[PDB]
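Novice:
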Amino acid sequence: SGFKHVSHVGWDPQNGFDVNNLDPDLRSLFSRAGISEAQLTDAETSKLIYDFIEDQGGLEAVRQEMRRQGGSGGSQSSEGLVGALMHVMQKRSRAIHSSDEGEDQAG
Ligand SMILES: CN(C)C[C@H](O)Cn1c2ccc(Br)cc2c2cc(Br)ccc21
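What follows is the structure, given as structure tokens:
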């Protein structure tokens, strides 16, 4: 499997998440799913989560959607769009520390 390269993307395999300049809309898109700077301030998770802003069609590409699916925040239904990002984090939540499993030291 794989994905098709895109020059119109904002994220790249280097920096990660630009919280300092994170789009307002996108900002709430995270706080709603249950994600903090801790998950965005990690080059390891920054990519693991990019599968969302990447698959969704695009961060700015989502703004045009958020405008249709809702209004200006508030507190009306947390699902829809955000409910998906919650499932993407579950994948990492299920993993405790199996990736780094293999003790060789004795004593
Ligand atoms: C349609 N796809 C292929 C294009 C990009 O994969 C979509 N995309 C963005 C577009 C604009 C900005 Br600004 C930020 C992002 C972004 C951030 C993360 Br993390 C993951 C995917 C992201």
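Reading the sequence shown from the start, the letters are residues 1 to 107 in the authors' numbering. Just so you know, even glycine gets a beta-carbon here, dropped at the ideal spot from N, CA and C.
Check this for me: beta carbons of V88 and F52, under 8 Å apart or not?
Specialist: yes
Novice: Please classify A33 as buried or exposed, where buried requires at least 16 neighbouring CB atoms within 10 angstroms.
Specialist: buried
Novice: Rounded to whole angstroms, what's the CA-CA distance from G70 to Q90? Just pull it up for me.
Specialist: If you take the alpha carbons of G70 and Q90, they lie about 25 Å apart.
Novice: If you drop the 5 nearest sequence neighbours on each side, which residues of the same chain put their C-beta closer than 8 Å to that of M86?
Specialist: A33, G34
Novice: Can you check whether the CB of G10 is closer than 8 Å to the CB of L48?
Specialist: no
Novice: Applying the criterion that 16 or more other CB atoms from any shown protein chain within 10 Å of the CB defines a buried residue, is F3 buried or exposed?
Specialist: Exposed, because fewer than 16 other Cβ atoms sit within 10 Å of the Cβ of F3.
Novice: What is the DSSP secondary structure of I35, reduced to helix, strand or coil?
Specialist: Reduced to three states, the DSSP call for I35 is coil.
Novice: Per DSSP, what kind of secondary structure is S93 in: helix, strand or coil?
Specialist: helix
Novice: Which of the three DSSP states is assigned to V88 in this structure?
Specialist: In this structure, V88 counts as helix in the three-state DSSP scheme.
Novice: In angstroms, rounded to a whole number, what distance separates the CA positions of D25 and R63?
Specialist: Near 6 Å, if we compare the C-alpha coordinates of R63 and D25.
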